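For reference, the structure discussed in these notes is given below.
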2 protein chains.
Amino acid sequence: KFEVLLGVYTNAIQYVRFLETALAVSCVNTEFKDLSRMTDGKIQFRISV
Amino acid sequence: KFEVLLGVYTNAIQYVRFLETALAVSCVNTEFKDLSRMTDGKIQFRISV
């Protein structure tokens with residue numbers, strides 16, 4: 001008289017990625033990373049309408 | 001003047017199988033030849049969140 005283990009299972013965690021989703025349509029990913037290095041967190045624009 | 005009998009008919013009991021009907025779409029089957037031997041079955045999920 002036995003006790004069957006009918007199988008054993010785990011789920012695959014899906015790899016979400018920020019550049020795979022379409023939320024990155026509304027964001028441009030700059031490869032500059034100097035605004036983390038910059039002390040003040042401001043950037044000044046000379047716009048001209 | 002006689003008593004004719006015009007036929008002796010009967011119904012043919014058509015076989016019905018579980019795997020021939022479409023209820024078997026909802027469950028996957030298995031011929032386990034010694035089921036009365038089994039006292040407890042078990043299946044174990046591991047859901048890493």
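Naming scheme: A, B, ... for chains in displayed order of the structure tokens; residues 1 onward per chain; ligands 1 onward as shown.
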
Could you give me chain B least-squares fitted onto chain A (all C-alpha atoms, paired in order), as a PDB file with N, CA and C atoms, in the first residue's frame?
ATOM      1  N   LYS B   1       0.674   0.266   0.747  1.00  0.00           N
ATOM      2  CA  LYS B   1      -0.025   1.216  -0.110  1.00  0.00           C
ATOM      3  C   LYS B   1       0.664   2.583  -0.026  1.00  0.00           C
ATOM      4  N   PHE B   2       1.120   3.081  -1.175  1.00  0.00           N
ATOM      5  CA  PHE B   2       2.136   4.122  -1.187  1.00  0.00           C
ATOM      6  C   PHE B   2       1.520   5.514  -1.238  1.00  0.00           C
ATOM      7  N   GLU B   3       2.367   6.532  -1.135  1.00  0.00           N
ATOM      8  CA  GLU B   3       1.957   7.930  -1.222  1.00  0.00           C
ATOM      9  C   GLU B   3       2.609   8.528  -2.461  1.00  0.00           C
ATOM     10  N   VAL B   4       1.933   8.413  -3.604  1.00  0.00           N
ATOM     11  CA  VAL B   4       2.476   8.932  -4.852  1.00  0.00           C
ATOM     12  C   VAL B   4       2.512  10.458  -4.806  1.00  0.00           C
ATOM     13  N   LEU B   5       3.503  11.048  -5.467  1.00  0.00           N
ATOM     14  CA  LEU B   5       3.476  12.471  -5.764  1.00  0.00           C
ATOM     15  C   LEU B   5       3.513  12.659  -7.273  1.00  0.00           C
ATOM     16  N   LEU B   6       2.526  13.377  -7.791  1.00  0.00           N
ATOM     17  CA  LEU B   6       2.237  13.401  -9.214  1.00  0.00           C
ATOM     18  C   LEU B   6       2.903  14.556  -9.940  1.00  0.00           C
ATOM     19  N   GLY B   7       3.796  15.270  -9.288  1.00  0.00           N
ATOM     20  CA  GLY B   7       4.532  16.338  -9.931  1.00  0.00           C
ATOM     21  C   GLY B   7       4.945  17.384  -8.920  1.00  0.00           C
ATOM     22  N   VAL B   8       6.102  17.986  -9.167  1.00  0.00           N
ATOM     23  CA  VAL B   8       6.607  19.098  -8.374  1.00  0.00           C
ATOM     24  C   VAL B   8       6.829  20.242  -9.352  1.00  0.00           C
ATOM     25  N   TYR B   9       5.917  21.207  -9.366  1.00  0.00           N
ATOM     26  CA  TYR B   9       5.959  22.290 -10.332  1.00  0.00           C
ATOM     27  C   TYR B   9       6.362  23.593  -9.663  1.00  0.00           C
ATOM     28  N   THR B  10       6.730  24.566 -10.485  1.00  0.00           N
ATOM     29  CA  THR B  10       7.055  25.904 -10.026  1.00  0.00           C
ATOM     30  C   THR B  10       6.792  26.893 -11.147  1.00  0.00           C
ATOM     31  N   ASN B  11       6.714  28.163 -10.781  1.00  0.00           N
ATOM     32  CA  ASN B  11       6.476  29.208 -11.758  1.00  0.00           C
ATOM     33  C   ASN B  11       7.801  29.743 -12.271  1.00  0.00           C
ATOM     34  N   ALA B  12       7.845  30.036 -13.563  1.00  0.00           N
ATOM     35  CA  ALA B  12       9.007  30.687 -14.152  1.00  0.00           C
ATOM     36  C   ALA B  12       8.763  32.183 -14.094  1.00  0.00           C
ATOM     37  N   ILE B  13       9.548  32.880 -13.275  1.00  0.00           N
ATOM     38  CA  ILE B  13       9.435  34.329 -13.181  1.00  0.00           C
ATOM     39  C   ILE B  13       9.971  34.920 -14.471  1.00  0.00           C
ATOM     40  N   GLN B  14       9.069  35.372 -15.335  1.00  0.00           N
ATOM     41  CA  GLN B  14       9.495  36.021 -16.562  1.00  0.00           C
ATOM     42  C   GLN B  14      10.112  37.373 -16.244  1.00  0.00           C
ATOM     43  N   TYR B  15      11.232  37.650 -16.897  1.00  0.00           N
ATOM     44  CA  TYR B  15      11.884  38.938 -16.792  1.00  0.00           C
ATOM     45  C   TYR B  15      10.969  40.024 -17.333  1.00  0.00           C
ATOM     46  N   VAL B  16      11.012  41.177 -16.688  1.00  0.00           N
ATOM     47  CA  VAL B  16      10.360  42.367 -17.202  1.00  0.00           C
ATOM     48  C   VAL B  16      11.412  43.460 -17.300  1.00  0.00           C
ATOM     49  N   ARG B  17      11.532  44.053 -18.477  1.00  0.00           N
ATOM     50  CA  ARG B  17      12.446  45.153 -18.701  1.00  0.00           C
ATOM     51  C   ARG B  17      11.638  46.426 -18.867  1.00  0.00           C
ATOM     52  N   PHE B  18      12.251  47.553 -18.519  1.00  0.00           N
ATOM     53  CA  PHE B  18      11.579  48.821 -18.748  1.00  0.00           C
ATOM     54  C   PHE B  18      11.527  49.159 -20.227  1.00  0.00           C
ATOM     55  N   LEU B  19      12.551  48.787 -20.979  1.00  0.00           N
ATOM     56  CA  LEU B  19      12.581  49.083 -22.399  1.00  0.00           C
ATOM     57  C   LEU B  19      11.839  48.047 -23.229  1.00  0.00           C
ATOM     58  N   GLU B  20      11.382  46.964 -22.607  1.00  0.00           N
ATOM     59  CA  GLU B  20      10.552  45.972 -23.270  1.00  0.00           C
ATOM     60  C   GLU B  20       9.072  46.287 -23.138  1.00  0.00           C
ATOM     61  N   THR B  21       8.680  46.974 -22.067  1.00  0.00           N
ATOM     62  CA  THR B  21       7.301  47.395 -21.892  1.00  0.00           C
ATOM     63  C   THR B  21       7.061  48.712 -22.623  1.00  0.00           C
ATOM     64  N   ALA B  22       5.790  49.057 -22.790  1.00  0.00           N
ATOM     65  CA  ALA B  22       5.426  50.212 -23.593  1.00  0.00           C
ATOM     66  C   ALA B  22       5.270  51.483 -22.779  1.00  0.00           C
ATOM     67  N   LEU B  23       5.641  51.476 -21.499  1.00  0.00           N
ATOM     68  CA  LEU B  23       5.720  52.738 -20.774  1.00  0.00           C
ATOM     69  C   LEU B  23       6.914  53.560 -21.231  1.00  0.00           C
ATOM     70  N   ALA B  24       7.915  52.920 -21.830  1.00  0.00           N
ATOM     71  CA  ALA B  24       9.114  53.597 -22.292  1.00  0.00           C
ATOM     72  C   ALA B  24       8.894  54.431 -23.543  1.00  0.00           C
ATOM     73  N   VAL B  25       7.692  54.434 -24.123  1.00  0.00           N
ATOM     74  CA  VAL B  25       7.400  55.361 -25.207  1.00  0.00           C
ATOM     75  C   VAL B  25       7.367  56.784 -24.674  1.00  0.00           C
ATOM     76  N   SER B  26       6.918  56.959 -23.436  1.00  0.00           N
ATOM     77  CA  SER B  26       6.697  58.283 -22.882  1.00  0.00           C
ATOM     78  C   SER B  26       7.955  58.936 -22.330  1.00  0.00           C
ATOM     79  N   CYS B  27       9.091  58.241 -22.304  1.00  0.00           N
ATOM     80  CA  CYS B  27      10.322  58.840 -21.810  1.00  0.00           C
ATOM     81  C   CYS B  27      11.518  58.178 -22.474  1.00  0.00           C
ATOM     82  N   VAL B  28      12.516  58.990 -22.805  1.00  0.00           N
ATOM     83  CA  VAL B  28      13.718  58.524 -23.485  1.00  0.00           C
ATOM     84  C   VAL B  28      14.790  58.259 -22.431  1.00  0.00           C
ATOM     85  N   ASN B  29      15.402  57.087 -22.487  1.00  0.00           N
ATOM     86  CA  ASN B  29      16.254  56.638 -21.402  1.00  0.00           C
ATOM     87  C   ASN B  29      17.727  56.739 -21.767  1.00  0.00           C
ATOM     88  N   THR B  30      18.568  56.568 -20.748  1.00  0.00           N
ATOM     89  CA  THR B  30      20.007  56.768 -20.860  1.00  0.00           C
ATOM     90  C   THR B  30      20.679  56.055 -19.699  1.00  0.00           C
ATOM     91  N   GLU B  31      21.642  55.191 -19.998  1.00  0.00           N
ATOM     92  CA  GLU B  31      22.423  54.528 -18.961  1.00  0.00           C
ATOM     93  C   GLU B  31      23.578  55.443 -18.584  1.00  0.00           C
ATOM     94  N   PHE B  32      23.431  56.151 -17.477  1.00  0.00           N
ATOM     95  CA  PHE B  32      24.463  57.040 -16.961  1.00  0.00           C
ATOM     96  C   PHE B  32      25.109  56.315 -15.793  1.00  0.00           C
ATOM     97  N   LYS B  33      26.293  55.752 -16.051  1.00  0.00           N
ATOM     98  CA  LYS B  33      26.911  54.764 -15.176  1.00  0.00           C
ATOM     99  C   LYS B  33      27.315  55.335 -13.827  1.00  0.00           C
ATOM    100  N   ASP B  34      27.490  56.648 -13.726  1.00  0.00           N
ATOM    101  CA  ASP B  34      27.847  57.307 -12.475  1.00  0.00           C
ATOM    102  C   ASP B  34      26.827  58.398 -12.189  1.00  0.00           C
ATOM    103  N   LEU B  35      25.672  57.987 -11.681  1.00  0.00           N
ATOM    104  CA  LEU B  35      24.606  58.920 -11.363  1.00  0.00           C
ATOM    105  C   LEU B  35      24.696  59.440  -9.942  1.00  0.00           C
ATOM    106  N   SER B  36      25.202  58.619  -9.022  1.00  0.00           N
ATOM    107  CA  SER B  36      25.376  59.043  -7.640  1.00  0.00           C
ATOM    108  C   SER B  36      26.424  60.135  -7.508  1.00  0.00           C
ATOM    109  N   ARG B  37      27.341  60.222  -8.470  1.00  0.00           N
ATOM    110  CA  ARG B  37      28.274  61.336  -8.531  1.00  0.00           C
ATOM    111  C   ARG B  37      27.553  62.652  -8.775  1.00  0.00           C
ATOM    112  N   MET B  38      26.497  62.628  -9.585  1.00  0.00           N
ATOM    113  CA  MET B  38      25.791  63.848  -9.954  1.00  0.00           C
ATOM    114  C   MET B  38      25.012  64.390  -8.766  1.00  0.00           C
ATOM    115  N   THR B  39      25.181  65.679  -8.483  1.00  0.00           N
ATOM    116  CA  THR B  39      24.461  66.313  -7.397  1.00  0.00           C
ATOM    117  C   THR B  39      23.287  67.153  -7.886  1.00  0.00           C
ATOM    118  N   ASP B  40      23.319  67.638  -9.125  1.00  0.00           N
ATOM    119  CA  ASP B  40      22.236  68.445  -9.666  1.00  0.00           C
ATOM    120  C   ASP B  40      22.319  68.432 -11.181  1.00  0.00           C
ATOM    121  N   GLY B  41      21.205  68.126 -11.826  1.00  0.00           N
ATOM    122  CA  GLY B  41      21.142  68.209 -13.267  1.00  0.00           C
ATOM    123  C   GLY B  41      20.404  69.456 -13.684  1.00  0.00           C
ATOM    124  N   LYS B  42      20.523  69.853 -14.946  1.00  0.00           N
ATOM    125  CA  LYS B  42      19.882  71.078 -15.400  1.00  0.00           C
ATOM    126  C   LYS B  42      19.750  71.044 -16.910  1.00  0.00           C
ATOM    127  N   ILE B  43      18.619  71.521 -17.407  1.00  0.00           N
ATOM    128  CA  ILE B  43      18.379  71.712 -18.828  1.00  0.00           C
ATOM    129  C   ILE B  43      17.771  73.098 -18.980  1.00  0.00           C
ATOM    130  N   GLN B  44      18.197  73.832 -19.999  1.00  0.00           N
ATOM    131  CA  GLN B  44      17.909  75.258 -20.074  1.00  0.00           C
ATOM    132  C   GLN B  44      17.286  75.581 -21.417  1.00  0.00           C
ATOM    133  N   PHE B  45      16.081  76.135 -21.386  1.00  0.00           N
ATOM    134  CA  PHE B  45      15.370  76.555 -22.580  1.00  0.00           C
ATOM    135  C   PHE B  45      15.481  78.060 -22.751  1.00  0.00           C
ATOM    136  N   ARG B  46      15.522  78.501 -24.004  1.00  0.00           N
ATOM    137  CA  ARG B  46      15.536  79.921 -24.333  1.00  0.00           C
ATOM    138  C   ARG B  46      14.466  80.162 -25.384  1.00  0.00           C
ATOM    139  N   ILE B  47      13.397  80.846 -25.005  1.00  0.00           N
ATOM    140  CA  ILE B  47      12.213  80.939 -25.845  1.00  0.00           C
ATOM    141  C   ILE B  47      12.099  82.381 -26.313  1.00  0.00           C
ATOM    142  N   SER B  48      12.645  82.667 -27.486  1.00  0.00           N
ATOM    143  CA  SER B  48      12.609  84.012 -28.043  1.00  0.00           C
ATOM    144  C   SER B  48      11.242  84.261 -28.666  1.00  0.00           C
ATOM    145  N   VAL B  49      10.449  85.116 -28.029  1.00  0.00           N
ATOM    146  CA  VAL B  49       9.049  85.339 -28.382  1.00  0.00           C
ATOM    147  C   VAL B  49       8.933  86.406 -29.466  1.00  0.00           C
TER     148      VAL B  49
END
